[PDB]
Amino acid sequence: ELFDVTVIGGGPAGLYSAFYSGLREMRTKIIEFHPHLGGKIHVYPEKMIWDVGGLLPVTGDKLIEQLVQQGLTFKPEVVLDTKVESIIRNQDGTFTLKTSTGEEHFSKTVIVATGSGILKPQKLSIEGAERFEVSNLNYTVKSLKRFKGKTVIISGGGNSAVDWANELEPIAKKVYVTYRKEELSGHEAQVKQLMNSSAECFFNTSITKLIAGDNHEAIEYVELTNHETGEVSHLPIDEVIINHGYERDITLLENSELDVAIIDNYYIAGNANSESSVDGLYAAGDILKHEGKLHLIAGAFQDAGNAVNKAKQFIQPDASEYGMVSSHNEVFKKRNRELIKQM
C-alpha cells in the first residue's frame, strides 16, 4: 500500500494538491484531522469571498463545497478524523506517516498542507452541552441565513464575538452577548458599533445551563448567572453561539525526525517550487514560506500545483515538467462526454 502522493491536510492547498495529483495520474491519499474537508474556511463560512481568481463572490460555505468537489475529482483515498502525529523518512527514501492511533501510512512523496495547524474551538463546559451541537448550539456562524429573524445569544467576548454580533444585528430578530469579564476584550473601534445598535450585552455573566424545553432536542431557554451580583436570569432563545476561543495543535514537525528546515519555529522553509529541504517532501498553502509566497487562497493553488509537478518528476524522472492543460487533457474525456450532453 505504497502511495505516490500523500497530502497532509484537507484545506484549499491539500484539496487542490489531491486534484492536481490525480490530474497527473498518481495514486493519491489525503489525510485530515477534522471529520469534514475544507480547512480554515470553516472559521468564516458566513463571509463573502471575492478574491479567488475566476470566482464571483461566494460564501465560505459554498466555496468549501466547490473545493471539496474539485479535490475529489479523481477519487483519492480520503482519511478523515485522523491526526498525523509524525513523518519519518525511510532509508529507501520513501516516507512513513504515523497517526495518533499509531496506524501507519506509506508514500513516495508527502505534501504538507497543514496550514496554520489543527484548530479546535474551546468547548462550553456544561454537562449535556454536546447533545445540542446537532441542533442549535454552534461554535461558528455557519451562514447568515441560518439566523434570519431568530433570537441569538453569543457567549464570549473576543474580536470574533464582536464581529459575529455586528454581522448578525441586521439579520437576527434579536442579539444577546454575554461576556465573563467586565470589558469586551475586543477592538475599541468596532466595539462601539455593537453598542450603539441592537445588541444587548450582559457583563460578568455566563451561561450555566441549557434548557431544551418540553418536547424537542434543541435549546429554548438559557440560564444566565451574574458573577458580581448573583442573579439567575433566564432567557428564551432560538440559537446559541459560543465564542470562547480556539485550541491549536502544531506539533507535527516538532514530533518528526526530519532535517526539514523551519522558519520562525513553525513554517516549512521552501523555495519557489514548494520544495522543502528534504527530497520528496513538499509544502503547500499557509505552511509554506518563501519570498514569493502569496498568503491567499489563490496562493495555495499555485503552491499545490508546483508541489505536484515536482512530485511527479521525483517519482517518474522522464515525466514532463508540467501537467497537461485541462482543456486538452485526455484524463477528462469520459467526464466531459457526460457534461456535453447539455443540448
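For every residue, the number given is its place in the sequence shown, counted from 1.
Inset, instruction - Between 217-225 and 150-158, name whichever shows the higher mean Cα B factor according to the PDB entry. - result: 217-225 has the higher mean C-alpha B-factor.
Legend entry - Mean Cα B-factor comparison, 194-202 or 238-246, giving the higher one as deposited: Looking at the recorded C-alpha B-factors, 194-202 comes out higher on average.
Inset, instruction - By the entry's C-alpha temperature factors, tell me which of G270, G186, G117, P76 sits highest. - result: Checking the PDB record, the top C-alpha B-factor among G270, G186, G117, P76 is at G186.
Legend entry - Out of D81, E130, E169, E104, highest CA B-factor residue: Answer for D81, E130, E169, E104: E130, with the highest C-alpha B-factor.
Legend entry - B-factor third for the C-alpha atom of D279 within its chain: It falls in the middle third of the chain.
Inset, instruction - Rank-wise, by C-alpha B-factor, drop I207 into the lowest, middle or highest third of its chain. - result: CA B-factor rank for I207: highest third.
Legend entry - Third assignment of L72 from its chain's C-alpha B-factors: Ranked within chain, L72 CA B lands in the lowest tercile.
Inset, instruction - Using the B-factors in the PDB entry, rank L252's C-alpha atom against the chain and give the third, lowest, middle or highest. - result: As the PDB entry reports it, the C-alpha B-factor of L252 lands in the middle third of its chain.
Legend entry - Third of chain Cα B-factors occupied by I262: Tercile = lowest for this residue's CA B-factor.
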